[PDB]
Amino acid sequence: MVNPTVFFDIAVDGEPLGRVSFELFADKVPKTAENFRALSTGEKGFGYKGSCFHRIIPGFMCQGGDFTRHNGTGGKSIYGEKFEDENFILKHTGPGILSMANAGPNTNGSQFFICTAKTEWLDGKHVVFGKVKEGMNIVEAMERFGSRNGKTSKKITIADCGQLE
């Protein structure tokens, strides 16, 4: 079978920016990939639609997925509780990597980041579960609204999201 693909339609201060799509490595990290896929479709009744990228650091990453508190302090997985680091097979190889944010071992929720550089120091600490497929330029455009401390200068939202194919 085939790894799922999901998309995010991004907006900046409500104005459309573009679409970013991702391959989810369900072949390597099925549990992690499924969480992100389900939160993208909204099939459990909650997920990423309408949420924001609250922390963006140019040259580093864009982070989002806190759909409950909108600031890095919230979010939840589809598993009724934070969940474990499934494995660290996949590495932070370069721009476009999709990896889970966490607050220490086995604390995955819904927060994630999209790398804009190779972030090898996170290997073995954050679970890598996907990669941008199309629209890396859109992520580069988003990145320009970040700053040193991560605060964004315009509100970057996931206007729509779902599963492709």
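Note that residue numbering follows the sequence shown and begins at 1.
J.: Quick one: higher average CA temperature factor, 105 to 113 or 39 to 47?
T.: Mean CA B-factor is higher for 39 to 47.
J.: Quick one: higher average CA temperature factor, 77 to 85 or 91 to 99?
T.: Higher mean C-alpha B-factor: 77 to 85.
J.: Quick one: classify residue 119 as lowest, middle or highest third of the chain based on its Cα B-factor.
T.: Its C-alpha B-factor, which the entry lists for residue 119, ranks in the highest third among residues of this chain.
J.: Can you tell me whether residue 130 has a C-alpha B-factor in the lowest, middle or highest third compared with the other modelled residues of the same chain?
T.: According to the entry, residue 130 has a C-alpha B-factor in the chain's lowest third.
J.: Place residue 21 in the lowest, middle or highest third of its chain's C-alpha B-factors, as listed in the PDB entry.
T.: Its C-alpha B-factor belongs to the middle third of this chain's values.
J.: So where's residue 147 on the chain's Cα temperature factor ranking, which third?
T.: It falls in the bottom third of the chain.
J.: Residue 69's Cα B-factor: lowest, middle or highest third of the chain?
T.: According to the entry, residue 69 has a C-alpha B-factor in the chain's middle third.
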